[PDB]
Amino acid sequence: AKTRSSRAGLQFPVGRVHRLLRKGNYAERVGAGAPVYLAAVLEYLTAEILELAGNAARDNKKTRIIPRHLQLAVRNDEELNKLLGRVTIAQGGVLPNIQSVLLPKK
Amino acid sequence: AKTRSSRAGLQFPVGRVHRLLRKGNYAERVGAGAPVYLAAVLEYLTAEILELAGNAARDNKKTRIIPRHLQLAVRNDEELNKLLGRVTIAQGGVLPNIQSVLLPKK
Amino acid sequence: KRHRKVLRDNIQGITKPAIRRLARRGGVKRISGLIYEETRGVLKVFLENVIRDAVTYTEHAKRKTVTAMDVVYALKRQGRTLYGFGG
Amino acid sequence: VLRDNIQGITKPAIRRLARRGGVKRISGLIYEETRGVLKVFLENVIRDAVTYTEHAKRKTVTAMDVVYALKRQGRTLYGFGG
Amino acid sequence: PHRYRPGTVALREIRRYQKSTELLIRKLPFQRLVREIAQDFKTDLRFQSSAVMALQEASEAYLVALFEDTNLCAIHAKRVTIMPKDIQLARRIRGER
Amino acid sequence: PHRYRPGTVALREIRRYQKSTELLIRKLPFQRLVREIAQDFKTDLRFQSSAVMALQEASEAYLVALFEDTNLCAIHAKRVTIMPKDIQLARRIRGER
Amino acid sequence: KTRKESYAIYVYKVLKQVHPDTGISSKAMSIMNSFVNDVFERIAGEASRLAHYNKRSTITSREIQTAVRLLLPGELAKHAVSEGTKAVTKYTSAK
Amino acid sequence: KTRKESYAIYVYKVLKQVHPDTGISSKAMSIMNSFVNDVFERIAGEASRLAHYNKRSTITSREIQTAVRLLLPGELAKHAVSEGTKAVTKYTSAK
DNA sequence: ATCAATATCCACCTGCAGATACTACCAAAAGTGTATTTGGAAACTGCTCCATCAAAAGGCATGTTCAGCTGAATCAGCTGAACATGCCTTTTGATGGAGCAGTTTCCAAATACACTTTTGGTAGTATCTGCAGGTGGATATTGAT
DNA sequence: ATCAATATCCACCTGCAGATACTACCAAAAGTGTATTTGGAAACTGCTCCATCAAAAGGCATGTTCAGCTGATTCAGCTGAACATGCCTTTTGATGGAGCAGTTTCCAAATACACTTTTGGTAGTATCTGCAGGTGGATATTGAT
Ligand SMILES: [Mn+2]
Ligand SMILES: [Mn+2]
Ligand SMILES: [Mn+2]
Ligand SMILES: [Mn+2]
Ligand SMILES: [Mn+2]
Ligand SMILES: [Mn+2]
Ligand SMILES: [Mn+2]
Ligand SMILES: [Mn+2]
Ligand SMILES: [Mn+2]
Ligand SMILES: [Mn+2]
Ligand SMILES: [Mn+2]
């Protein structure tokens, strides 16, 4: 007895995702290949962000990922930024950016 | 045999609305009231726009409602405008509005 | 229950330095005298819209308690989706 | 006399559009900026419509494909079905 | 010989195009561009005639509305002439940039 | 006695606040405001403390973002001081008004 | 061939109740049919999420009502709520 | 004392693969969970609509894929689609 | 360019909250294995409606001229930043209790067929009319003197 | 001011593209009636976490001073608006044929359904660790001169 996750060689819970597609009322029938593709996309996406957030945490000499590191990860990456263009990350703050004309002298 | 539209006192089709709720995957089950209620709400708003679009036709010396009249109806009404805030009405055009500072110095 | 204090003019608890601090995070260098009243004005519209929807979910669920979920869904409705609170 | 397709979106055409938006005076550089903005508008919408077309296994983009593309771009259109 | 002053016809025009609802881009040049952009996404496409109509209506609605915001930004800088930095500002604030 | 010139401490504060992620409004005052407003929709409500926090995180993210847009409108007007006409313009373009 | 359902006839019915001498052109009707579809989906959409959030299997008139209150602005909500409460009554109190 | 599912253990597994020596705070994990639920809901929604638009009563790997292409920008779509195909293929041959 | 105040940097150093570690239990997942129905892919094709193009049509590309708009420059006035000063209001940690939410019980309400009547959509054919353009002439607006 | 050029308003006229009236039709809703299942209100109550209060801890309110920003003023030069029209692109309408959509067919994969095994969540309890917040002290930074 192998989990459907391992049959597809995934960490993300295929069984679980299959279940939530049914309980979520998305269509009359859910195909057996739909939660497999979905569990994959979900895993790809979270690896993408965790890779980036990890780097931010290293660039700050920290060992633990905090919400600030997710914020930096998402906002410094053109595509995550857009995917989450309308999302607020609690306790992420903002990117350092000061407009040119606000700086002193010339 | 008496229709549910007639029972409710409505022009809008309770039967159809009912069917669209089940076949639309909104919930496992749909109560007997909900299609009556929704049908009434839809008829209501149809009437509100038509009321106003009729008036706009009269103002312009015309008997047939065209899209211009629906446009004028909606964007001249604070509330319909908000509900349709992110909607485009094909063949609507815009409200006559010129910024005062653009007007010739009298 | 005996007595419950009357809540009035709490918008002024949003102080001048707090607003200035938010301006700073938003990259702002100089602030006109009248920003503070405008900002309070704007904050109140924002909160009224989110609280109205959240309170609506609360009443719908038949609760006297506004939950984090009530707020998170209110936010989602208005296109201001918030991560990190169960939602 | 050859000519780029985007340039078929002419100055007097852009001028009318601005005019309906209530604009009195227009800098000469606006015409190229407008064409750029239109190109980006259309790319995003057609990208999605086409995606809908392919899914349906058709070779014709339908009014509905476009209507649905517009809906998901937050730019809902009334008058063409659905 | 007769000559209307600058802006006089501009105003006359604003008034005319705000009264009416017709599409203000010529259909064929618009259609070609639609086809050219689509060709990058999928080859040998055909187009329902109303499909192009829809795109035209939406594009013109979009551009007319952006010209309104643009114009507001122009007037915020105490000008009456719209400029690319105004379009830039409007889009940036709309979250398109 | 030593004096920093107008603008200097301000840039020091920009860098300071843009670097941190803590909430900038005092908790209690913000909570009372939430209750006063909620109360006016419906008497006898209670709040999970994380409800109040969720509202605080959303509000502060909204205002910081609005101030940025507001900052851009002022600079477009060739000023460096943000004014109510700037906040109004940013809110109009965003379609909140 | 294949049947194409529209709200046109019921839109026309309501027009006559309200402006009995006023006509509507096609494009106008087409927009009105979009409008009726748009609002159905938004009201049914929100009702749908309401039930889910509350761990419920059923969309009832209570869900439609709250949905209406979330979606419609102030004065539009009030009249809509009452119009729909009136119809549920009229439908109940009738053999 | 009802059970509340999260994606935490799954998120943490994946964290270990990419940065073996980095931990995640629970607030950051809360944000990740919100993120997984968010994206799930958005893809399923696109899929849901998609199927309805084409008169289909079944959501298959083929609807999920279009939804992914509709939802994600450019370079993430390209990769998500690969990762998706690969898993379904590997799954198809593995029973 | 040099000096003196005060912010800033960073690498090192204990308290400790929150993170990570097991141990056991377990209810609900998740799986496995038949029995049974069907969605929609496949394949064939009718007939709209789409791309192409000819002739008919009507908008735009063109270069010149100069009105008035923009951007540069100057500057008086006063608004807003910095800072010192005096002290109120928030933050924090501890506690009875209100209402959330966990479990159980049961009927009003929903589903599920099946069978009967109806209606809304289509389509043929005919008939009908509101109003876009057209004309004609008065009157109002704009610009020249 | 008055005056002439030209746009704009309005009244009336009329062909025709698109609204409307009518009949025939049928498949597909829609409704009615009979047999069954269940979702969720209600009624009880464990037990988390909300409102509430007291003491501790730190940011806010205020006034004074003046640096430098904003808004007002002037002005020259550069830039777009206005300008007539026949070349050439677009519009129109007519016609083959590509492909959308209608129908039929049949099976790979869908649902259902029953017992079997696995597991993710939590609960009671225990030790470990990353870093916040403190410290001093060597390296900028700013603004007076
Ligand atoms: Mn009150
Ligand atoms: Mn079948
Ligand atoms: Mn109690
Ligand atoms: Mn009939
Ligand atoms: Mn006319
Ligand atoms: Mn039950
Ligand atoms: Mn004092
Ligand atoms: Mn000059
Ligand atoms: Mn063929
Ligand atoms: Mn386990
Ligand atoms: Mn530190």
# chains A, B, ... in the order shown; residues from 1 in each chain; ligands from 1
call {"tool": "residues_near_ligand", "arguments": {"ligand": "ligand 10", "cutoff": "9 Å", "atoms": "only C-alpha atoms (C1' of nucleotides) and all ligand atoms", "output": "MDAnalysis selection string"}}
result
chainID J and resid 119:121
call {"tool": "write_last_selection", "arguments": {"atoms": "N, CA and C atoms (P, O5', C5', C4', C3', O3' and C1' of nucleotides)", "output": "PDB file, in the first residue's frame"}}
result
ATOM      1  P    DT J 119       1.196   5.587   7.084  1.00  0.00           P
ATOM      2  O5'  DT J 119       0.602   7.070   7.185  1.00  0.00           O
ATOM      3  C5'  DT J 119      -0.787   7.342   6.964  1.00  0.00           C
ATOM      4  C4'  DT J 119      -1.267   8.531   7.778  1.00  0.00           C
ATOM      5  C3'  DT J 119      -0.200   9.286   8.562  1.00  0.00           C
ATOM      6  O3'  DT J 119      -0.439  10.664   8.415  1.00  0.00           O
ATOM      7  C1'  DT J 119      -1.957   8.678  10.009  1.00  0.00           C
ATOM      8  P    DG J 120       0.702  11.663   7.938  1.00  0.00           P
ATOM      9  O5'  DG J 120      -0.053  13.065   7.979  1.00  0.00           O
ATOM     10  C5'  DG J 120      -1.443  13.113   7.683  1.00  0.00           C
ATOM     11  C4'  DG J 120      -2.179  13.947   8.712  1.00  0.00           C
ATOM     12  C3'  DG J 120      -1.427  15.159   9.240  1.00  0.00           C
ATOM     13  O3'  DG J 120      -2.269  16.292   8.981  1.00  0.00           O
ATOM     14  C1'  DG J 120      -2.068  13.694  11.060  1.00  0.00           C
ATOM     15  P    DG J 121      -2.474  17.523   9.972  1.00  0.00           P
ATOM     16  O5'  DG J 121      -3.543  16.946  11.013  1.00  0.00           O
ATOM     17  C5'  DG J 121      -4.396  17.797  11.753  1.00  0.00           C
ATOM     18  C4'  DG J 121      -4.639  17.281  13.162  1.00  0.00           C
ATOM     19  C3'  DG J 121      -4.165  18.221  14.261  1.00  0.00           C
ATOM     20  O3'  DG J 121      -5.248  18.422  15.113  1.00  0.00           O
ATOM     21  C1'  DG J 121      -3.555  16.041  14.758  1.00  0.00           C
TER      22       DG J 121
END
call {"tool": "select_by_dssp", "arguments": {"residues": "chain G", "states": "strand (DSSP E)", "output": "PyMOL selection string"}}
result
chain G and resi 23-24+58-59
call {"tool": "write_last_selection", "arguments": {"atoms": "N, CA, C and O atoms", "output": "PDB file, in the first residue's frame"}}
result
ATOM      1  N   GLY G  23     -39.930  50.903 -25.329  1.00  0.00           N
ATOM      2  CA  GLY G  23     -39.308  49.701 -25.900  1.00  0.00           C
ATOM      3  C   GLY G  23     -37.850  49.536 -25.483  1.00  0.00           C
ATOM      4  O   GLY G  23     -37.279  50.389 -24.803  1.00  0.00           O
ATOM      5  N   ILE G  24     -37.249  48.423 -25.880  1.00  0.00           N
ATOM      6  CA  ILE G  24     -35.825  48.205 -25.688  1.00  0.00           C
ATOM      7  C   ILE G  24     -35.220  47.612 -26.963  1.00  0.00           C
ATOM      8  O   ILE G  24     -35.801  46.715 -27.561  1.00  0.00           O
ATOM      9  N   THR G  58     -26.283  23.554   2.706  1.00  0.00           N
ATOM     10  CA  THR G  58     -27.442  24.183   2.057  1.00  0.00           C
ATOM     11  C   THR G  58     -27.311  25.692   1.909  1.00  0.00           C
ATOM     12  O   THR G  58     -26.925  26.382   2.849  1.00  0.00           O
ATOM     13  N   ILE G  59     -27.657  26.196   0.727  1.00  0.00           N
ATOM     14  CA  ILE G  59     -27.894  27.617   0.514  1.00  0.00           C
ATOM     15  C   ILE G  59     -29.388  27.833   0.701  1.00  0.00           C
ATOM     16  O   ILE G  59     -30.194  27.323  -0.085  1.00  0.00           O
TER      17      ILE G  59
END
call {"tool": "residues_around", "arguments": {"residues": "residue 84 (chain E)", "least_positions_apart": "5", "cutoff": "8 Å", "atoms": "only C-alpha atoms (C1' of nucleotides)", "output": "NGL selection string"}}
result
:D and (29-30 or 33)
call {"tool": "write_last_selection", "arguments": {"atoms": "N, CA, C and O atoms", "output": "mmCIF file, in the first residue's frame"}}
result
data_model
loop_
_atom_site.group_PDB
_atom_site.id
_atom_site.type_symbol
_atom_site.label_atom_id
_atom_site.label_comp_id
_atom_site.auth_asym_id
_atom_site.auth_seq_id
_atom_site.Cartn_x
_atom_site.Cartn_y
_atom_site.Cartn_z
ATOM 1 N N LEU D 29 4.451 63.320 -27.393
ATOM 2 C CA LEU D 29 4.956 62.014 -26.972
ATOM 3 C C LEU D 29 3.872 61.037 -26.460
ATOM 4 O O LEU D 29 4.157 59.868 -26.222
ATOM 5 N N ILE D 30 2.641 61.512 -26.300
ATOM 6 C CA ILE D 30 1.563 60.690 -25.756
ATOM 7 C C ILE D 30 1.157 59.580 -26.700
ATOM 8 O O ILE D 30 0.740 58.508 -26.262
ATOM 9 N N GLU D 33 3.341 56.567 -26.197
ATOM 10 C CA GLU D 33 2.989 55.998 -24.881
ATOM 11 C C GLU D 33 1.621 55.290 -24.875
ATOM 12 O O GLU D 33 1.472 54.229 -24.259
#
call {"tool": "residues_near_ligand", "arguments": {"ligand": "ligand 1", "cutoff": "8 Å", "atoms": "only C-alpha atoms (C1' of nucleotides) and all ligand atoms", "output": "MDAnalysis selection string"}}
result
(chainID C and resid 6:8) or (chainID F and resid 36:37 39:40)
call {"tool": "write_last_selection", "arguments": {"atoms": "C-alpha atoms", "output": "PDB file, in the first residue's frame"}}
result
ATOM      1  CA  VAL C   6     -19.348  55.224  26.599  1.00  0.00           C
ATOM      2  CA  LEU C   7     -17.044  55.112  23.574  1.00  0.00           C
ATOM      3  CA  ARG C   8     -16.563  58.460  21.858  1.00  0.00           C
TER       4      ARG C   8
ATOM      5  CA  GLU F  36     -16.508  52.326  18.950  1.00  0.00           C
ATOM      6  CA  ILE F  37     -17.059  51.752  15.197  1.00  0.00           C
ATOM      7  CA  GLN F  39     -20.624  49.227  18.360  1.00  0.00           C
ATOM      8  CA  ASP F  40     -22.285  51.716  16.021  1.00  0.00           C
TER       9      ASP F  40
END
call {"tool": "residues_around", "arguments": {"residues": "residue 82 (chain G)", "least_positions_apart": "5", "cutoff": "9 Å", "atoms": "only C-alpha atoms (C1' of nucleotides)", "output": "ChimeraX atom specification"}}
result
/B:41 /G:77,87
call {"tool": "residues_around", "arguments": {"residues": "region 55-70 of chain E", "least_positions_apart": "3", "cutoff": "8 Å", "atoms": "only C-alpha atoms (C1' of nucleotides)", "output": "MDAnalysis selection string"}}
result
(chainID B and resid 88 90:91 93) or (chainID D and resid 17:18 20:23 38 41:42 66 75 77) or (chainID E and resid 23:24 30 51:52 73:74 82 86:87 89:91) or (chainID F and resid 93)
call {"tool": "closest_atom_pairs", "arguments": {"of": "chain J", "to": "chain A", "cutoff": "12 Å", "atoms": "only C-alpha atoms (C1' of nucleotides)", "output": "Markdown table"}}
result
| residue | atom | partner | partner_atom | distance |
| --- | --- | --- | --- | --- |
| J:108 | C1' | A:31 | CA | 11.9 |
| J:109 | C1' | A:31 | CA | 8.3 |
| J:110 | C1' | A:29 | CA | 7.4 |
| J:111 | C1' | A:29 | CA | 8.6 |
| J:116 | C1' | A:1 | CA | 11.3 |
| J:117 | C1' | A:1 | CA | 9.1 |
| J:118 | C1' | A:1 | CA | 9.5 |
| J:119 | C1' | A:3 | CA | 11.2 |
| J:120 | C1' | A:16 | CA | 10.8 |
| J:129 | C1' | A:63 | CA | 10.8 |
| J:130 | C1' | A:63 | CA | 7.1 |
| J:131 | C1' | A:62 | CA | 8.4 |
| J:142 | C1' | A:104 | CA | 11.8 |
call {"tool": "residues_near_ligand", "arguments": {"ligand": "ligand 3", "cutoff": "9 Å", "atoms": "only C-alpha atoms (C1' of nucleotides) and all ligand atoms", "output": "ChimeraX atom specification"}}
result
/I:97-99 /J:45
call {"tool": "write_last_selection", "arguments": {"atoms": "N, CA and C atoms (P, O5', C5', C4', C3', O3' and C1' of nucleotides)", "output": "mmCIF file, in the first residue's frame"}}
result
data_model
loop_
_atom_site.group_PDB
_atom_site.id
_atom_site.type_symbol
_atom_site.label_atom_id
_atom_site.label_comp_id
_atom_site.auth_asym_id
_atom_site.auth_seq_id
_atom_site.Cartn_x
_atom_site.Cartn_y
_atom_site.Cartn_z
ATOM 1 P P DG I 97 -17.341 34.884 38.899
ATOM 2 O "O5'" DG I 97 -17.189 34.776 37.313
ATOM 3 C "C5'" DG I 97 -17.274 35.960 36.534
ATOM 4 C "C4'" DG I 97 -17.502 35.616 35.076
ATOM 5 C "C3'" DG I 97 -18.724 34.760 34.754
ATOM 6 O "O3'" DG I 97 -19.269 35.262 33.554
ATOM 7 C "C1'" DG I 97 -16.843 33.754 33.875
ATOM 8 P P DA I 98 -20.848 35.385 33.377
ATOM 9 O "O5'" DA I 98 -21.039 36.042 31.932
ATOM 10 C "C5'" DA I 98 -20.036 36.864 31.330
ATOM 11 C "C4'" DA I 98 -19.911 36.537 29.850
ATOM 12 C "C3'" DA I 98 -21.202 36.139 29.133
ATOM 13 O "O3'" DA I 98 -21.180 36.790 27.841
ATOM 14 C "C1'" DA I 98 -19.651 34.313 29.072
ATOM 15 P P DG I 99 -22.180 36.486 26.616
ATOM 16 O "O5'" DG I 99 -21.423 35.343 25.799
ATOM 17 C "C5'" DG I 99 -20.167 35.594 25.197
ATOM 18 C "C4'" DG I 99 -19.712 34.355 24.453
ATOM 19 C "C3'" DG I 99 -20.724 33.757 23.486
ATOM 20 O "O3'" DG I 99 -19.999 33.180 22.442
ATOM 21 C "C1'" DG I 99 -20.099 32.146 25.018
ATOM 22 P P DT J 45 -26.537 18.944 31.550
ATOM 23 O "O5'" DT J 45 -25.132 19.600 31.163
ATOM 24 C "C5'" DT J 45 -24.159 18.845 30.447
ATOM 25 C "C4'" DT J 45 -23.053 19.740 29.913
ATOM 26 C "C3'" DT J 45 -22.303 20.565 30.961
ATOM 27 O "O3'" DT J 45 -20.927 20.224 30.929
ATOM 28 C "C1'" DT J 45 -22.705 21.795 29.025
#
call {"tool": "residues_near_ligand", "arguments": {"ligand": "ligand 4", "cutoff": "9 Å", "atoms": "only C-alpha atoms (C1' of nucleotides) and all ligand atoms", "output": "PyMOL selection string"}}
result
chain I and resi 118-121
call {"tool": "residues_near_ligand", "arguments": {"ligand": "ligand 6", "cutoff": "9 Å", "atoms": "only C-alpha atoms (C1' of nucleotides) and all ligand atoms", "output": "PyMOL selection string"}}
result
chain J and resi 38-40
call {"tool": "write_last_selection", "arguments": {"atoms": "C-alpha atoms (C1' of nucleotides)", "output": "short mmCIF file (atom, residue, chain, number, x, y, z; two decimals), in the first residue's frame"}}
result
data_model
loop_
_atom_site.label_atom_id
_atom_site.label_comp_id
_atom_site.auth_asym_id
_atom_site.auth_seq_id
_atom_site.Cartn_x
_atom_site.Cartn_y
_atom_site.Cartn_z
"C1'" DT J 38 -30.49 13.70 6.34
"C1'" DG J 39 -28.75 18.31 7.55
"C1'" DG J 40 -28.80 21.16 11.18
#
call {"tool": "closest_atom_pairs", "arguments": {"of": "chain J", "to": "ligand 5", "cutoff": "12 Å", "atoms": "only C-alpha atoms (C1' of nucleotides) and all ligand atoms", "output": "CSV"}}
result
residue,atom,partner,partner_atom_place_in_ligand_line,distance
J:9,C1',ligand 5,1 (Mn),11.3
J:10,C1',ligand 5,1 (Mn),10.2
J:11,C1',ligand 5,1 (Mn),10.9
J:12,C1',ligand 5,1 (Mn),10.8
J:13,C1',ligand 5,1 (Mn),11.2
call {"tool": "write_last_selection", "arguments": {"atoms": "C-alpha atoms (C1' of nucleotides)", "output": "compact mmCIF listing (two decimals), in the first residue's frame"}}
result
# COMPACT_ATOMS: atom_id res chain seq x y z
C1' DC J 9 -30.39 74.35 -32.68
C1' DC J 10 -34.74 72.93 -34.05
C1' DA J 11 -38.68 71.52 -37.02
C1' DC J 12 -39.98 68.57 -40.30
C1' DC J 13 -39.54 64.58 -43.64
call {"tool": "residues_near_ligand", "arguments": {"ligand": "ligand 2", "cutoff": "8 Å", "atoms": "only C-alpha atoms (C1' of nucleotides) and all ligand atoms", "output": "VMD selection string"}}
result
chain I and resid 38 to 40
call {"tool": "write_last_selection", "arguments": {"atoms": "N, CA and C atoms (P, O5', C5', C4', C3', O3' and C1' of nucleotides)", "output": "short mmCIF file (atom, residue, chain, number, x, y, z; two decimals), in the first residue's frame"}}
result
data_model
loop_
_atom_site.label_atom_id
_atom_site.label_comp_id
_atom_site.auth_asym_id
_atom_site.auth_seq_id
_atom_site.Cartn_x
_atom_site.Cartn_y
_atom_site.Cartn_z
P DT I 38 -26.28 6.63 -14.71
"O5'" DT I 38 -25.10 7.29 -15.57
"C5'" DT I 38 -24.06 8.04 -14.94
"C4'" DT I 38 -22.95 8.41 -15.92
"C3'" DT I 38 -23.41 9.00 -17.25
"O3'" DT I 38 -22.73 10.22 -17.48
"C1'" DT I 38 -21.77 7.34 -17.58
P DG I 39 -23.35 11.68 -17.21
"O5'" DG I 39 -22.01 12.54 -17.09
"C5'" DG I 39 -20.86 12.01 -16.44
"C4'" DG I 39 -19.55 12.41 -17.10
"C3'" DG I 39 -19.49 13.68 -17.94
"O3'" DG I 39 -18.16 14.19 -17.81
"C1'" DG I 39 -19.16 11.81 -19.36
P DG I 40 -17.74 15.57 -18.48
"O5'" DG I 40 -17.08 15.18 -19.88
"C5'" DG I 40 -15.94 14.32 -19.98
"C4'" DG I 40 -15.82 13.79 -21.40
"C3'" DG I 40 -15.82 14.84 -22.51
"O3'" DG I 40 -14.83 14.49 -23.45
"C1'" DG I 40 -17.39 13.25 -23.01
#
call {"tool": "interface_residues", "arguments": {"of": "chain I", "to": "chain C", "cutoff": "12 Å", "atoms": "only C-alpha atoms (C1' of nucleotides)", "output": "short mmCIF file (atom, residue, chain, number, x, y, z; two decimals) with N, CA, C and O atoms (P, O5', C5', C4', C3', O3' and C1' of nucleotides), in the first residue's frame"}}
result
data_model
loop_
_atom_site.label_atom_id
_atom_site.label_comp_id
_atom_site.auth_asym_id
_atom_site.auth_seq_id
_atom_site.Cartn_x
_atom_site.Cartn_y
_atom_site.Cartn_z
P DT I 79 1.36 79.46 8.04
"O5'" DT I 79 1.11 78.15 7.12
"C5'" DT I 79 1.89 77.90 5.96
"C4'" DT I 79 2.81 76.70 6.11
"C3'" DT I 79 2.47 75.66 7.17
"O3'" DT I 79 2.96 74.46 6.65
"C1'" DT I 79 4.60 76.42 7.57
P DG I 80 2.29 73.04 6.85
"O5'" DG I 80 3.55 72.16 7.33
"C5'" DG I 80 4.69 71.99 6.52
"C4'" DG I 80 5.86 71.58 7.38
"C3'" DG I 80 5.67 70.46 8.40
"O3'" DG I 80 6.86 69.72 8.38
"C1'" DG I 80 6.51 72.37 9.48
P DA I 81 7.06 68.31 9.10
"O5'" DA I 81 8.62 68.34 9.41
"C5'" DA I 81 9.53 69.06 8.61
"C4'" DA I 81 10.87 69.13 9.33
"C3'" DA I 81 11.18 67.96 10.26
"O3'" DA I 81 12.56 67.72 10.23
"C1'" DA I 81 10.94 69.96 11.51
P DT I 89 -4.33 60.84 29.75
"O5'" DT I 89 -3.65 59.54 29.11
"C5'" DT I 89 -2.88 59.60 27.93
"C4'" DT I 89 -2.38 58.20 27.67
"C3'" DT I 89 -3.48 57.15 27.61
"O3'" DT I 89 -3.16 56.33 26.51
"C1'" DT I 89 -1.85 56.49 29.14
P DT I 90 -4.16 55.27 25.89
"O5'" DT I 90 -3.19 54.06 25.47
"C5'" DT I 90 -1.92 54.33 24.90
"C4'" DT I 90 -0.86 53.41 25.45
"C3'" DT I 90 -1.10 51.94 25.19
"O3'" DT I 90 -0.06 51.44 24.40
"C1'" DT I 90 -0.42 52.29 27.43
P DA I 98 -20.85 35.38 33.38
"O5'" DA I 98 -21.04 36.04 31.93
"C5'" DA I 98 -20.04 36.86 31.33
"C4'" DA I 98 -19.91 36.54 29.85
"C3'" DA I 98 -21.20 36.14 29.13
"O3'" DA I 98 -21.18 36.79 27.84
"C1'" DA I 98 -19.65 34.31 29.07
P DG I 99 -22.18 36.49 26.62
"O5'" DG I 99 -21.42 35.34 25.80
"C5'" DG I 99 -20.17 35.59 25.20
"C4'" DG I 99 -19.71 34.36 24.45
"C3'" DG I 99 -20.72 33.76 23.49
"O3'" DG I 99 -20.00 33.18 22.44
"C1'" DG I 99 -20.10 32.15 25.02
P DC I 100 -20.27 33.50 20.91
"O5'" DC I 100 -19.19 32.56 20.22
"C5'" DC I 100 -17.80 32.67 20.55
"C4'" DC I 100 -17.16 31.32 20.86
"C3'" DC I 100 -17.32 30.27 19.77
"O3'" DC I 100 -16.02 29.86 19.36
"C1'" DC I 100 -17.89 29.38 21.92
P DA I 101 -15.75 29.05 18.01
"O5'" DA I 101 -15.93 27.54 18.50
"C5'" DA I 101 -15.12 26.95 19.53
"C4'" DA I 101 -15.75 25.66 20.04
"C3'" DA I 101 -16.19 24.66 18.97
"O3'" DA I 101 -15.90 23.33 19.42
"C1'" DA I 101 -17.95 25.06 20.38
#
call {"tool": "interface_residues", "arguments": {"of": "chain B", "to": "chain H", "cutoff": "10 Å", "atoms": "only C-alpha atoms", "output": "MDAnalysis selection string"}}
result
chainID B and resid 23:25
call {"tool": "residues_around", "arguments": {"residues": "region 96-105 of chain A", "least_positions_apart": "6", "cutoff": "12 Å", "atoms": "only C-alpha atoms (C1' of nucleotides)", "output": "MDAnalysis selection string"}}
result
(chainID A and resid 71:72 75:76) or (chainID C and resid 23:30) or (chainID F and resid 5:21 68:69 71:72 74:76 78:81) or (chainID J and resid 142)
call {"tool": "residues_near_ligand", "arguments": {"ligand": "ligand 7", "cutoff": "9 Å", "atoms": "only C-alpha atoms (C1' of nucleotides) and all ligand atoms", "output": "ChimeraX atom specification"}}
result
/I:85-86 /J:61-63
call {"tool": "residues_near_ligand", "arguments": {"ligand": "ligand 9", "cutoff": "10 Å", "atoms": "only C-alpha atoms (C1' of nucleotides) and all ligand atoms", "output": "ChimeraX atom specification"}}
result
/I:45-46 /J:97-100
call {"tool": "write_last_selection", "arguments": {"atoms": "N, CA and C atoms (P, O5', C5', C4', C3', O3' and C1' of nucleotides)", "output": "tab-separated table (two decimals), in the first residue's frame"}}
result
chain	number	residue	atom	x	y	z
I	45	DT	P	-19.87	11.61	-43.12
I	45	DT	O5'	-20.47	13.01	-42.64
I	45	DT	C5'	-21.87	13.16	-42.44
I	45	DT	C4'	-22.20	14.60	-42.13
I	45	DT	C3'	-21.96	15.57	-43.28
I	45	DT	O3'	-23.05	16.47	-43.33
I	45	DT	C1'	-20.87	16.35	-41.37
I	46	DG	P	-24.08	16.39	-44.54
I	46	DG	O5'	-25.25	17.39	-44.12
I	46	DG	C5'	-25.85	17.33	-42.83
I	46	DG	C4'	-26.12	18.72	-42.27
I	46	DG	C3'	-26.42	19.81	-43.29
I	46	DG	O3'	-27.52	20.56	-42.77
I	46	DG	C1'	-24.50	20.42	-42.00
J	97	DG	P	-14.14	26.92	-52.46
J	97	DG	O5'	-13.51	27.80	-51.28
J	97	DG	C5'	-12.73	27.20	-50.27
J	97	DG	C4'	-13.44	27.24	-48.93
J	97	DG	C3'	-13.69	25.86	-48.34
J	97	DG	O3'	-13.04	25.83	-47.09
J	97	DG	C1'	-15.49	27.24	-48.00
J	98	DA	P	-11.70	24.97	-46.97
J	98	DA	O5'	-11.00	25.34	-45.58
J	98	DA	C5'	-10.67	26.67	-45.22
J	98	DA	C4'	-11.23	27.01	-43.84
J	98	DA	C3'	-10.94	26.00	-42.73
J	98	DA	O3'	-10.54	26.74	-41.60
J	98	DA	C1'	-13.30	26.29	-42.93
J	99	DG	P	-10.23	26.04	-40.20
J	99	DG	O5'	-11.70	25.96	-39.61
J	99	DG	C5'	-12.15	27.00	-38.76
J	99	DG	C4'	-13.41	26.54	-38.05
J	99	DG	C3'	-13.20	25.39	-37.08
J	99	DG	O3'	-14.11	25.56	-36.04
J	99	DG	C1'	-14.82	24.80	-38.60
J	100	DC	P	-13.66	25.95	-34.58
J	100	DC	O5'	-14.95	26.73	-34.05
J	100	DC	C5'	-15.75	27.50	-34.94
J	100	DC	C4'	-17.25	27.37	-34.65
J	100	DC	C3'	-17.68	26.84	-33.29
J	100	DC	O3'	-18.89	27.51	-32.94
J	100	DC	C1'	-18.39	25.34	-34.99
